[PDB]
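Read through the structure below, which is laid out as structure tokens, and then see the notes.
Number of protein chains: 8
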Amino acid sequence: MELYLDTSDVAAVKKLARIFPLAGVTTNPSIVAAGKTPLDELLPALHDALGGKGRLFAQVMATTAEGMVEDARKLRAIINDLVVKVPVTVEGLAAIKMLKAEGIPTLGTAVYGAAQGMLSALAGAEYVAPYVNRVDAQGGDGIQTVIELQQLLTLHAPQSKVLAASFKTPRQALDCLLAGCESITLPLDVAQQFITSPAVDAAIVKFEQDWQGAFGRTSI
Amino acid sequence: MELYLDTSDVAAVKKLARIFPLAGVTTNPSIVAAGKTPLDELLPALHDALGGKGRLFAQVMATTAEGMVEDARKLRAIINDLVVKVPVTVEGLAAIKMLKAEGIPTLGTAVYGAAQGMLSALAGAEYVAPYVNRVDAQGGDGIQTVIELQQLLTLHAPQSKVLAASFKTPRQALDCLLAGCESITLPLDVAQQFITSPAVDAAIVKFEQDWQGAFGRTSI
Amino acid sequence: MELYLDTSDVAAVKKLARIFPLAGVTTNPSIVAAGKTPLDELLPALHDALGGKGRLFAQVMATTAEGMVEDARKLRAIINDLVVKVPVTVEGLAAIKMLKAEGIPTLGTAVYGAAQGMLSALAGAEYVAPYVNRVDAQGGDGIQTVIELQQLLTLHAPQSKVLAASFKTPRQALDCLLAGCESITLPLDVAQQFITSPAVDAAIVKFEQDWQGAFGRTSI
Amino acid sequence: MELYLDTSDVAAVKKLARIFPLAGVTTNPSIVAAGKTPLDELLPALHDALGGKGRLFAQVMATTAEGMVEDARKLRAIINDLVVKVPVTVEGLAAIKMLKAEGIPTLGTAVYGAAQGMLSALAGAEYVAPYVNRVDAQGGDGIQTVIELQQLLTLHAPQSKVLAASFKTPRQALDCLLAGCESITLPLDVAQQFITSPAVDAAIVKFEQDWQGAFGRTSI
Amino acid sequence: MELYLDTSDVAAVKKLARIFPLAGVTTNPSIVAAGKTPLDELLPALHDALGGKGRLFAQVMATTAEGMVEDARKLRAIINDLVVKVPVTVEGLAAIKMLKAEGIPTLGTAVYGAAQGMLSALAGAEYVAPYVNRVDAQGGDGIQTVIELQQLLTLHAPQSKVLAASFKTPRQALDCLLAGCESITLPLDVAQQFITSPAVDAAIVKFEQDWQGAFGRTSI
Amino acid sequence: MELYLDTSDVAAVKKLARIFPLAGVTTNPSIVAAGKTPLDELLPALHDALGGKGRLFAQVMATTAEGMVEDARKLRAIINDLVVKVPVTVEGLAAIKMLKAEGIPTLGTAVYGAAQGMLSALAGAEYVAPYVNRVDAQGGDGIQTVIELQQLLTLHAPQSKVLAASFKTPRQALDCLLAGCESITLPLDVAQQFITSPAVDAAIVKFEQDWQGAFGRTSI
Amino acid sequence: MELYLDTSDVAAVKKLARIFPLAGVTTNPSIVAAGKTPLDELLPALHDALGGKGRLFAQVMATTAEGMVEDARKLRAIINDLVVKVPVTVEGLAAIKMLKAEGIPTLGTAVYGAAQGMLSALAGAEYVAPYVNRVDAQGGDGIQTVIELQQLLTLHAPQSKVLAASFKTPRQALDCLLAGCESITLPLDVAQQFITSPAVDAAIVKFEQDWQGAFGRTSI
Amino acid sequence: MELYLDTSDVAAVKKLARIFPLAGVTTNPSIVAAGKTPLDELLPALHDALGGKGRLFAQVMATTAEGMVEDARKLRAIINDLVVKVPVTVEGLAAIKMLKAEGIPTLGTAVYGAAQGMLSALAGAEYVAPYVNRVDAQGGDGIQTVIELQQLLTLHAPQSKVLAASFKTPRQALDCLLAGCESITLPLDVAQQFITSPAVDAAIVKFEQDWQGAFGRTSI
Ligand SMILES: *C(CO)[C@@H](O)[C@H](O)[C@H](O)COP(=O)(O)O
Ligand SMILES: *[C@H](CO)[C@@H](O)[C@H](O)[C@H](O)COP(=O)(O)O
Ligand SMILES: *[C@H](CO)[C@@H](O)[C@H](O)[C@H](O)COP(=O)(O)O
Ligand SMILES: *[C@H](CO)[C@@H](O)[C@H](O)[C@H](O)COP(=O)(O)O
Ligand SMILES: *[C@H](CO)[C@@H](O)[C@H](O)[C@H](O)COP(=O)(O)O
Ligand SMILES: *[C@H](CO)[C@@H](O)[C@H](O)[C@H](O)COP(=O)(O)O
Ligand SMILES: *[C@H](CO)[C@@H](O)[C@H](O)[C@H](O)COP(=O)(O)O
Ligand SMILES: *[C@H](CO)[C@@H](O)[C@H](O)[C@H](O)COP(=O)(O)O
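Each protein sequence line maps, in turn, to chains D, E, A, B, A', E', B' and C. A prime marks a further copy of an entry chain. According to the deposited numbering, the first sequence holds residues 1 to 220 in order. According to the deposited numbering, the second sequence holds residues 1 to 220 in order. According to the deposited numbering, the third sequence holds residues 1 to 220 in order. According to the deposited numbering, the fourth sequence holds residues 1 to 220 in order. According to the deposited numbering, the fifth sequence holds residues 1 to 220 in order. According to the deposited numbering, the sixth sequence holds residues 1 to 220 in order. According to the deposited numbering, the seventh sequence holds residues 1 to 220 in order. According to the deposited numbering, the eighth sequence holds residues 1 to 220 in order.
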């Protein structure tokens with residue numbers, strides 16, 4: 001499993017990096033914009049927040065294959081262990097092929113369908129990122145798309161991983177993990193919901209009370 | 001996975017070959033007819049359009065086993081990396097056996113049933129091409145035929161591949177890929193539908209607007 | 001896969017042997033009786049019709065184990081490499097054990113149930129032949145029996161094969177192949193229905209018509 | 001349930017009318033041809049064989065809608081309780097509509113697909129006859145076609161009945177009956193196999209022996 | 001639900017009649033033979049053992065339809081309201097038709113298949129008795145037959161009931177009841193296993209012990 | 001739905017009767033024993049605790065059918081709205097029939113099997129009480145037994161209800177309710193677990209904090 | 001597969017050893033009692049009946065772990081290839097552990113639940129014997145218990161085998177074999193029903209008649 | 001399989017260690033409190049009760065990661081084969097990563113959801129303990145949680161084991177074992193229910209009675 005946070009919130013990353021076993025951090029253009037910090041400042045700050053390690057993802061902005069290759073090189077120049085996100089379009093697939101030839105690692109992003117995702121893998125992408133919640137929000141079935149995508153990679157491109165993205169609820173992320181995604185990126189709210197529980201907190205309170213009853217303290 | 005285009009449109013192949021990871025091109029007599037170019041010109045033109053690589057498929061026209069072997073030899077003489085398509089009939093099965101003994105690679109084509117398809121594999125065909133849409137169009141279940149065929153090859157002839165063909169909609173090609181077909185050939189219209197999406201385009205537009213909003217430009 | 005014809009029609013075998021990839025021919029007492037030719041004549045003629053190769057099956061007629069062993073020797077003297085069909089009865093099971101010790105290969109035949117079939121394989125039979133249509137015809141479920149038998153051999157006697165037999169329709173044979181039977185014997189009528197199709201013929205006519213339209217012939 | 005025999009064998013109908021609860025007899029062009037007896041002789045002979053009752057079916061031979069209507073009138077003039085079989089083609093559908101307007105009851109025949117069958121019912125046919133075995137024989141799934149057809153009539157045309165036809169084994173006819181077909185026509189061989197069983201015969205012998213053992217006779 | 005015992009043991013019937021809510025008793029020729037008492041004695045004695053009420057079943061012995069009708073009259077003269085069991089054979093089906101016309105109620109017995117059973121109901125039988133254990137014992141699936149039979153009666157002859165018969169274990173009878181059989185006949189051994197349980201007995205002992213503990217008795 | 005408490009704890013019944021919509025209280029000999037109060041005092045005390053309404057259940061102790069009828073009469077004399085529990089044994093079934101004829105309402109209790117339970121319904125019991133946890137505890141499947149019992153009553157005795165009993169965990173009682181049990185009796189501990197939740201409590205606390213944050217008070 | 005007979009009938013073992021491929025014979029206290037022959041006479045007689053080979057099983061009678069160990073030693077002293085059956089109780093489990101330490105092979109018997117059976121395997125038993133029919137008879141589901149037990153051994157104790165026992169019908173034993181039990185012990189009646197069939201016998205008669213029809217004799 | 005008891009009852013562990021094949025004992029704060037013995041005395045006492053062997057589990061009480069690590073060291077110092085239980089909270093996850101870095105083996109406890117459980121395994125926990133009954137008791141689906149957790153570990157952290165805990169009924173524990181949990185801890189009541197059975201006790205009595213009948217003693 002590779003566990004990523006999906007954020008441009010450097011302070012949150014520093015805090016959460018000591019809690020979760022993080023592989024690194026993913027960004028997209030909206031997440032970067034939200035943080036109002038440019039990439040050449042953000043990506044080193046994220047690297048530092050992870051404890052000077054981890055893999056980062058950032059997305060090209062150009063709309064031609066040739067421009068996307070240029071963007072990929074610019075992103076790779078910012079920080080070492082960076083994977084370039086390329087939208088799986090006509091021009092994006094062309095760029096993924098060129099980047100495969102050059103040996104720049106890619107992720108095929110903005111995947112709304114299983115076959116589209118598979119094509120990105122076949123073209124050389126190491127990761128494929130379905131937009132689970134976006135498919136859900138637009139009247140589709142995000143989890144079914146992920147099940148189909150994972151099946152396609154397992155059958156037809158086993159070198160590539162699904163990096164499941166776009167979540168509003170833990171249930172979606174859990175469902176992607178159950179479908180066998182080998183990587184995932186969580187927004188901060190969903191990541192924290194996984195490990196915060198009234199039931200768990202209540203169990204701990206009850207243990208403390210029982211221990212106190214017997215021993216007149218709540219510590220070992 | 002072997003991804004093929006099902007076409008005689010040389011210019012379109014040249015265009016799409018930089019976008020898709022193509023294994024090559026399949027033809028049939030109707031496809032060749034539509035292009036109005038004899039195989040002895042078409043096949044080298046396709047080879048060039050692919051970037052001087054890839055595997056081509058072309059179909060025999062004779063109605064006897066002996067005549068089909070003669071066709072096969074003529075086809076193999078046009079170009080090196082060529083697989084001969086043989087309709088899976090009485091005479092076609094007989095020809096497939098002869099071509100096995102001769103060492104000419106074959107695809108069993110015009111497959112409308114799973115047992116018919118399996119028989120061509122057992123006779124020596126490296127590929128078996130079910131006509132998915134044709135089964136669908138004539139009141140059958142194309143995908144179920146593909147599932148059954150794939151199961152028969154997996155169980156009984158695992159060195160042979162399904163090369164799924166005959167598509168009107170991406171969903172048909174997806175369902176074939178999900179059934180485990182190790183090769184597929186797409187018409188141009190379906191191929192392009194896989195990689196053109198209003199939802200993906202809208203995602204990209206929204207990324208651009210968010211980026212512009214924060215950084216006052218549309219670029220990295 | 002081992003594909004057999006279920007016939008005493010020598011000329012039919014010679015004809016079909018150049019079409020199908022045959023493993024050989026099975027006979028039973030009714031099939032032999034229908035052809036009016038005794039075994040010491042038929043079996044050599046079948047061997048010849050196959051091109052001087054392949055595996056033949058013939059059935060004992062005696063009703064005691066000792067009698068069946070004597071029959072097996074007589075059959076093996078006619079065809080040295082022939083597999084002896086023994087009905088899976090009380091005496092038939094005893095004969096199978098005796099033939100295993102003697103090193104004469106057997107098939108357990110007239111199997112109407114899975115457990116009966118498995119018992120013949122445990123006793124030493126290399127093949128087990130359920131009578132699929134006869135189970136169907138008598139108000140059972142022949143395919144369900146085959147599924148159960150195959151599961152028993154897979155679990156409990158994996159060295160033995162199901163040789164599915166007794167067919168009125170291609171669908172029954174197909175379902176047996178889907179159930180994982182590693183061998184099958186087809187009557188002539190079913191075998192030919194597999195490779196005869198109005199849909200396939202119409203596909204070929206359309207191809208010829210399209211080709212002639214463009215090029216004024218149907219020749220490569 | 002309406003149980004038919006599918007035959008032109010007048011003597012056999014008379015024999016079986018005593019045994020089965022027959023609704024009548026179906027014919028088609030091939031069945032009529034086999035029996036050697038023209039319809040104007042055959043249809044009265046079948047009526048008498050049934051005990052001067054029951055419903056008969058006979059098929060038009062013309063290839064235009066107008067010609068089929070003329071055939072329909074001729075058939076109805078032969079025999080009172082007669083339903084006209086019309087092949088479900090372009091011209092057949094047109095004829096079914098016309099015959100509906102004229103108040104001549106029809107059956108939509110030569111149905112190889114569910115949608116085709118449903119169309120005949122929507123056009124006015126009181127019965128729809130899938131050719132179960134012919135779908136099975138040509139590498140389809142006849143029973144699946146019947147399940148789909150029945151589902152379509154139940155949902156969309158509940159005044160119309162499936163009259164399941166074309167059988168090589170009792171299992172097919174059973175499966176049709178389980179699918180909910182409210183009418184069926186059996187060939188003589190399949191019909192008789194339903195009611196002839198080694199297991200049944202053996203039970204009755206055992207009853208007779210036990211009864212004799214106790215009471216010294218095999219009678220009440 | 002109609003619950004029957006399958007027995008010629010008069011004293012057992014008298015005993016069990018105060019335990020079970022019995023609808024009556026079934027017999028067959030072997031069951032009658034086992035008790036060594038002729039019908040003209042047994043059947044009145046059974047009627048008496050039930051408290052002078054309930055429905056009795058007895059089977060014809062003749063092998064022609066006319067003979068079976070004569071037997072039916074003889075049986076009905078012994079018990080005026082008795083249901084006549086007729087084996088579902090060729091002649092048995094003819095007899096059922098004749099008995100329907102004559103207004104003598106019938107059960108179609110020795111049913112080893114669903115279609116055979118349905119045919120007896122269509123011919124006029126008010127009950128159909130599949131031999132569940134005999135189907136099981138001979139390498140079939142007795143419960144599957146019952147499920148199929150019940151489905152056929154529900155779909156095609158809802159006025160007739162399955163009277164499930166032939167049991168070695170309570171589980172078989174339970175499965176028949178779960179399948180929706182509206183009547184059943186139990187051998188004495190199975191019937192008593194239903195209402196005899198080590199677990200139930202232990203529950204009662206515990207209750208008695210707990211009660212005595214608190215109140216020094218086991219009395220209300 | 002009829003919701004019962006399974007208890008002799010009068011004070012607890014009084015407490016819970018203002019919280020739950022109770023149909024009444026069930027007892028058994030162990031439950032009565034635990035409370036150390038004879039039925040002639042307990043049953044009127046429960047009636048008062050319920051608010052002077054509801055249906056009570058109490059169990060016979062005798063081991064003969066005659067003795068069980070005597071117990072039943074004694075119980076019915078203690079209080080009006082009372083259903084007599086009878087263990088479903090040989091003598092218990094006999095008693096259930098007698099009590100039907102007398103017009104005393106019964107529940108068939110100590111049910112460890114579906115057929116046993118159905119028999120008590122057929123004999124006249126208005127309720128049938130499977131011991132769910134006891135079946136679970138002794139290596140069976142309590143919920144499956146309840147599903148089967150409910151199916152038997154629905155099919156064969158639809159005027160009788162399942163009264164599900166014997167619970168260690170809410171999940172068991174839920175699964176019984178989901179299987180369609182029209183009545184249930186809960187021990188105090190399970191009853192209360194249904195309506196006590198750390199998650200619900202935390203929701204309420206968070207609502208209070210949000211409300212306070214906005215309005216500077218904790219009240220409407 | 002290991003096939004056992006479950007019997008103390010020495011003559012029957014000798015008769016059937018010729019027919020079945022027997023691994024040996026199982027006994028229990030009741031089977032031994034029925035046969036009238038003490039173990040020190042019985043076990044050698046069974047060994048001889050098997051042809052001086054095979055594996056025998058016999059059950060301890062003591063109620064303490066220490067006593068069961070003493071019984072185990074006594075049984076092993078009788079006969080070389082002997083596996084000691086220990087009931088899976090509190091004291092039985094303790095004995096299985098001790099016997100494991102001592103290197104005496106055991107079978108955990110009187111298993112009525114999957115978890116109980118798994119515990120015996122974990123404690124050292126090489127075989128676990130569920131009482132299939134006894135679970136069926138007492139209102140459980142014996143086959144479901146076997147499926148669960150087998151699942152537990154496959155997952156958690158794969159060196160241990162299910163030895164399925166206690167059968168009233170062939171269907172139960174078939175279902176156990178389909179569930180994946182690697183050993184089974186059959187009573188004589190069930191064993192013989194597997195290999196005696198009206199349908200099989202009828203097929204052989206038909207073969208004989210056809211053969212006679214063609215060749216004027218019923219012999220090879 | 002690793003089988004644990006979930007207890008601080010030293011005498012009970014002594015008694016049951018000779019019965020069950022125990023891998024050791026689990027404790028939690030409430031279980032420790034119930035026994036009123038501090039861990040520095042309890043853990044040696046359990047070690048001895050097991051026979052001077054086995055693996056013990058004990059839980060940290062601190063609420064900060066750094067505090068939990070200090071607890072972990074204290075616990076490890078008490079006894080060698082000691083796995084530290086850490087609640088899977090924000091601070092608990094942090095502590096699990098630190099304890100991984102130090103090489104102190106951990107179990108993630110207080111798991112009420114699958115994703116929470118998986119995160120503890122990714123963080124370095126060798127075991128993950130879902131609180132099955134607590135999920136059941138609070139209106140969730142404990143077994144489904146276990147199924148999902150097991151799936152997540154099999155897919156994503158296969159070096160980690162499920163240690164299923166928190167049980168009120170044998171059925172819960174069985175279902176966890178069927179789900180593939182490689183370790184389990186049972187409370188005393190559930191553990192003993194597995195090997196207490198009225199049906200088993202009755203089988204043994206009948207054996208004893210049969211033996212006595214034949215041989216005039218109840219000894220071997
Ligand atoms: C530790 C996990 O291995 C165990 O002691 C568990 O915490 C208990 O099994 C929890 O059960 P309850 O919460 O029902 O006491
Ligand atoms: C990169 C993919 O690996 C990630 O940052 C994802 O693109 C985002 O999570 C996508 O989220 P939305 O589609 O909801 O903006
Ligand atoms: C060869 C098979 O690999 C292809 O050219 C196929 O024949 C076509 O896909 C068939 O299309 P139609 O049968 O619909 O013309
Ligand atoms: C031998 C089995 O391998 C074959 O010849 C079979 O016996 C026959 O196919 C049996 O089927 P039919 O009895 O329907 O001919
Ligand atoms: C009328 C109902 O369609 C019948 O006579 C049927 O047409 C025949 O059963 C058709 O037989 P085939 O489809 O096997 O030729
Ligand atoms: C009549 C059917 O209602 C019954 O007496 C049945 O014929 C018997 O139960 C048949 O079963 P067996 O042949 O196993 O006794
Ligand atoms: C009567 C049934 O409605 C109740 O009192 C039940 O007998 C109890 O629920 C049974 O509990 P146990 O059998 O577990 O003591
Ligand atoms: C040993 C394996 O357990 C065998 O002898 C079996 O115990 C018997 O099959 C048990 O028979 P019942 O369970 O029907 O008494």
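Beta carbons are placed, not taken as given, at the ideal position from N, Cα and C, and that holds for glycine.
Buried/exposed call for residue i, threshold 16 Cβ in 10 Å
i: A'/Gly213; result: exposed
i: B/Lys36; result: exposed
i: D/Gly51; result: exposed
i: B/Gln159; result: exposed
i: E'/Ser219; result: exposed
i: A'/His156; result: buried
Start-to-end residues for the beta strand (DSSP E) that takes in residue i
i: A/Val25; result: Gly24 to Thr26
i: D/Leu50; result: Looking at the DSSP string, D/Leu50 is not in any beta strand (DSSP E), and its letter there is neither H nor E.
Contact under 8 Å by Cβ, residue i with residue j
i: A/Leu152; j: E/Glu148; result: no
i: A/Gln138; j: B/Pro198; result: yes
i: D/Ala129; j: D/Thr109; result: yes
Opening and closing residue of the alpha helix (DSSP H) in which residue i lies
i: D/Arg76; result: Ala65 to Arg76
Under 6 Å, CB to any heavy atom of ligand 7. Which residues pass, going along the chain? E'/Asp6, E'/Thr26, E'/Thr27, E'/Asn28, E'/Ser30, E'/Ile31, E'/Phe57, E'/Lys85, E'/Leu107, E'/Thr109, E'/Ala129, E'/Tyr131, E'/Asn133, E'/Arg134, E'/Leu163, E'/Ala165, E'/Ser166 and E'/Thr185
Counting only runs that start and end within the region 106 to 186 of chain A, where is the alpha helix (DSSP H) found for 4 or more residues in a row? 114 to 123, 132 to 137, 142 to 156 and 170 to 178
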